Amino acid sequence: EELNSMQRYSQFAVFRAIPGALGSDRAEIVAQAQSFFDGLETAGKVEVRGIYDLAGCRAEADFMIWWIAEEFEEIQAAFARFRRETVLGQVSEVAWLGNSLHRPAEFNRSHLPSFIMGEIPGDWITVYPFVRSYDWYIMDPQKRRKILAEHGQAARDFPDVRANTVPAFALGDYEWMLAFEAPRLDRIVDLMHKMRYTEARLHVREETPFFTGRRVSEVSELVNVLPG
């Protein structure tokens, strides 16, 4: 309805820790970061959907910020302020940025990202980019439509895993930004496994890197775990 119509950019900002930069005394670093995110939230323009602990997912990445705003300029500004004006940003390196812009789906305008639906973020997440085969969009539309319907049917064993599938064209190297949120990580793993049993898998060119981690309740929890 109005949710298909609305303008929202989404960014997954993945950061890596620099060994030795952070130190051991961190209470004031914690206090300053929560203040930063507190200030963002009151300002009403950038919505932080989650801060995630990616420890142990992959080499060269440690945490991720998922934030959302009507204007990309607002994400640019928050991204820069975080890096420039928080100790946490000063001591971390940008590892990967996953940018996207919400649009109505092609065939099923009732398919909406969970964050657009305003659903509570899930405790666990996996994020990755996606690139379709070269022939996918110029394919006969009703064949693409059937494949996507079969794709959809294969997912409804996972109503507890909420999908965010968002266009990413010209916001980086990719066609789509994908994010799956669930109460338990094993359901995200099983969903990806089951979704291999679909004809849509014949129309895939890229889907890495993956970022998977745990949504923290409090930035305290992330800071205290990073390498010093």
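Quick note: we count residues from 1 along the sequence shown, nothing fancier.
- Look at the C-alpha B-factors of 27-35 and of 174-182. On average they run higher in 27-35.
- Mean CA B-factor, 155-163 versus 199-207: the higher value falls on 155-163.
- Sorting the modelled residues of the chain by their CA temperature factor places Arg84 in the highest third.
- When the CA B factors of the chain's modelled residues are split into thirds, the value for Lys45 lands in the highest one.
- In the PDB entry, a CA B factor belonging to the highest third of its chain's modelled residues is recorded for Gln142.
- Sort the modelled residues of the chain by CA B factor and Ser10 lands in the middle third.
- Among all modelled residues in its chain, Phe107 ranks in the highest third by Cα B-factor.
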